[PDB]
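Colleague: The sequence isn't on hand, but the structure is:
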């Protein structure tokens with residue numbers, strides 16, 4: 001470990017945060033050591049904040065305004081009332097006499113506040129706001145209570161997409177399968193009124209009610225408006241699944257984006273496999289330390305700051321086997337993510353696993369870390385396979401009994417791949433398909449089991465398994481699974497062990 005004073009020398013980074021956090025969680029930082037530690041934390045969110053505030057606890061314009069309570073709010077001036085009435089919890093806490101008075105007071109200057117004040121006099125504030133078609137109020141109330149749910153007319157639902165909250169509202173209720181009356185109402189949104197992710201989710205919604213022509217119209221709108229080729233491909237795939245137009249399949253097979261949809265279309269049209277870059281430096285190693293987390297943070301900052309000529313210079317400093325992940329990382333930026341980099345670094349460590357397992361390990365590592373051995377996430381997951389300290393210590397200390405085990409052993413590629421394999425043996429025994437294994441690797445076996453036990457997920461159906469892949473209940477896991485699955489297909493191909501993509505999808509249907 002590093003002493004608190006040595007850490008304070010280091011530049012501020014997620015690595016420095018992580019080591020500060022290691023000392024805090026062991027109670028190794030004294031009260032004076034802890035004093036200026038606020039300024040030595042790169043990202044002062046989550047576990048590290050909570051832990052520092054056990055030692056060091058934390059706008060004068062409005063200090064006066066928080067002296068007032070529900071009982072004294074009418075004594076406050078207009079500015080203080082305004083500030084306090086930003087909270088719906090606070091509005092709900094008032095009595096109806098005072099809400100009625102405040103409603104009259106704010107009628108001209110804050111009419112949206114008036115609507116909410118009056119809404120909270122009724123037993124269903126959402127019904128009141130819906131009657132008004134007060135869109136700002138609608139989203140405030142949804143954020144206040146996710147339980148409100150009622151039928152919304154065509155006029156109202158077609159106004160909802162003109163609010164920045166709509167996208168995540170729509171996504172959340174669709175993938176969580178909540179607010180049935182809201183979901184059903186959104187069938188009357190005109191595709192003309194939505195674009196990108198909103199249009200896409202409304203497509204998925206329409207598919208869950210078996211409105212296939214409506215779904216096509218939403219997916220087509222998404223395909224025309226998405227800015228990223230990867231999302232375009234996902235929308236075009238749905239246009240093809242619904243109407244079977246050959247030109248959509250062909251456009252999809254010709255995509256510059258390497259993803260499961262474009263790969264699947266290439267298979268279906270006998271289009272060749274995409275070109276994968278082949279990187280194999282002659283030099284085995286240099287003086288750069290790939291196990292030093294601070295050195296990576298420093299060189300990452302320099303790479304992220306660099307122009308074309310500077311990236312070319314940096315590439316030549318890292319053209320070695322041992323530094324291949326940094327080299328590939330530099331080159332991925334130098335070609336603006338246009339070429340396809342699927343490296344297989346520290347391969348001697350996995351060569352004795354069978355090729356299917358190698359492909360899965362590589363697929364997960366590429367997604368988790370791009371193979372950077374000292375990768376540290378915002379939750380302090382570590383190394384190429386991004387093990388959380390809890391799991392790393394459980395495997396290293398309890399189950400495997402490794403002498404002198406520290407969780408920083410995760411920065412060693414030999415350990416990362418070994419623990420990766422170990423954890424994959426456990427997941428794959430229960431879950432079978434590499435897609436389901438990916439979901440559990442990212443989101444835990446618990447949520448993955450609860451999901452697969454549902455009678456509406458990954459069962460036989462017209463648009464399965466593709467519909468279920470859009471309804472994974474966590475946005476992060478949905479995306480993760482698709483990316484890892486694409487990576488898995490590519491690594492199977494690179495290992496002269498190609499898999500038929502159609503086979504993979506057929507196996508998802510339980």
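Modeller: Noted; the coordinates are in hand. Numbering: from 1, shown residues only.

Colleague: What is the distance between the helix or strand that contains residue 442 and the centre of its chain?
Modeller: With elements taken from DSSP states H and E, the one containing residue 442 is helix 434-443. Distance of helix 434-443 from its chain centroid, counting by CA atoms, centre = their mean, to the nearest Å, is 14 Å.

Colleague: got the angle between whichever helix or strand comes after it and helix 434-443?
Modeller: Counting by DSSP H and E, the next helix or strand C-terminal to helix 434-443 is helix 445-453. Between helix 445-453 and helix 434-443, the angle comes out at 140 degrees (axes from the mean of the first three to the mean of the last three CA atoms, to 10 degrees).

Colleague: For helix 445-453, which outside residues touch it?
Modeller: Applying CB atoms under 8 Å, 6 or more residues apart in numbering, the contact partners of helix 445-453 are 427, 430-431, 436, 439-440, 457-458, 472-474, 477, 510. C-beta: built from backbone N, CA, C; applies to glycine.

Colleague: who does the helix holding residue 442 touch, helix- and strand-wise?
Modeller: Using 3 or more CB pairs under 8 Å, 6 or more residues apart in numbering; DSSP states H and E, the elements in contact with helix 434-443 are helix 355-369, helix 413-431, helix 445-453, helix 475-494, helix 501-508.

Colleague: Emit the PyMOL select command for whichever of the contacts of helix 445-453 are buried.
Modeller: Buried subset of the contacts of helix 445-453, written as a PyMOL selection, criterion 16 or more other CB atoms under 10 Å:
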select buried, resi 427+431+436+439+440+457+458+472+473+477+510
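
Colleague: Let's have the contacts of helix 445-453 in a markdown table, adding distance to residue 127.
Modeller: Formatted as a markdown table, the contacts of helix 445-453 follow (distance: CB to CB, whole Å):
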| residue | distance to residue 127 |
| --- | --- |
| 427 | 46 |
| 430 | 45 |
| 431 | 44 |
| 436 | 41 |
| 439 | 38 |
| 440 | 41 |
| 457 | 32 |
| 458 | 37 |
| 472 | 32 |
| 473 | 28 |
| 474 | 31 |
| 477 | 34 |
| 510 | 41 |
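
Colleague: Which two among the contacts of helix 445-453 are spaced furthest apart?
Modeller: Looking at those by CB to CB, the two members farthest from one another are 474 and 510, with 19.8 Å of separation.

Colleague: got the buried residues for stretch 288-308?
Modeller: Quick answer for stretch 288-308 (16+ other CB under 10 Å): 290, 293-294, 296-297, 299-300, 303, 306.

Colleague: Pick out whichever of these sits closest to residue 350.
Modeller: Nearest member of the buried residues of stretch 288-308 to residue 350, counting by CB to CB, is residue 290, at 17.0 Å.

Colleague: mind checking the SS state of that closest one?
Modeller: With DSSP: H, G, I helix; E, B strand; the rest coil as the basis, residue 290 sits in coil.

Colleague: Would you mind listing the residues in contact with the nearest residue to it once chain neighbours are set aside?
Modeller: Nearest in space to residue 290, with sequence neighbours left out and distances taken as CB to CB, 6 or more residues apart in numbering, is residue 373 at 5.0 Å. Residues in contact with residue 373 (CB under 8 Å, 6+ apart) are 290-291, 296, 325, 383-384, 411-413, 416.

Colleague: so which of these comes closest to residue 61?
Modeller: Closest to residue 61, out of all of those and judged by CB to CB, is residue 296, at 43.0 Å.

Colleague: May I ask which helix or strand encompasses the residue lying closest to that closest one once chain neighbours are set aside?
Modeller: Residue nearest to residue 296 in three dimensions, not counting chain neighbours: residue 374, with 4.6 Å by CB to CB, 6+ apart. Element membership of residue 374 [criterion: DSSP H and E] is none; it lies in no helix or strand.

Colleague: since we're on residue 74, how many residues are nearby?
Modeller: 13 (other CB atoms under 10 Å).

Colleague: With residue 270 instead?
Modeller: Other residues close to residue 270 by other CB under 10 Å number 7.

Colleague: and it, helix, strand or coil?
Modeller: coil.

Colleague: State the distance from it to residue 364.
Modeller: According to CB to CB, to the nearest Å, residue 270 stands 30 Å off from residue 364.

Colleague: Run the chain-centre distance for stretch 37-45.
Modeller: 23 Å.

Colleague: typed the wrong thing, it's stretch 60-75
Modeller: 39 Å.

Colleague: what's the answer for stretch 9-21, then?
Modeller: Worked out by CA atoms, centre = their mean, stretch 9-21 lies 24 Å from the chain centre.

Colleague: which of the residues in that stretch are buried?
Modeller: Buried, per 16+ other CB under 10 Å, within stretch 9-21: 10, 13-21.

Colleague: Could you do stretch 485-501 as well?
Modeller: For stretch 485-501, by 16+ other CB under 10 Å, it's 485-494, 499, 501.

Colleague: Stretch 88-97 now?
Modeller: 88, 91, 94.

Colleague: what's the closest of the residues you listed to residue 109?
Modeller: Using CB to CB, these come closest to residue 109 at residue 91, 16.3 Å.

Colleague: Name the nearest residue to that closest one, sequence neighbours excluded.
Modeller: Per CB to CB, 6+ apart, closest to residue 91 is residue 120, 5.3 Å.
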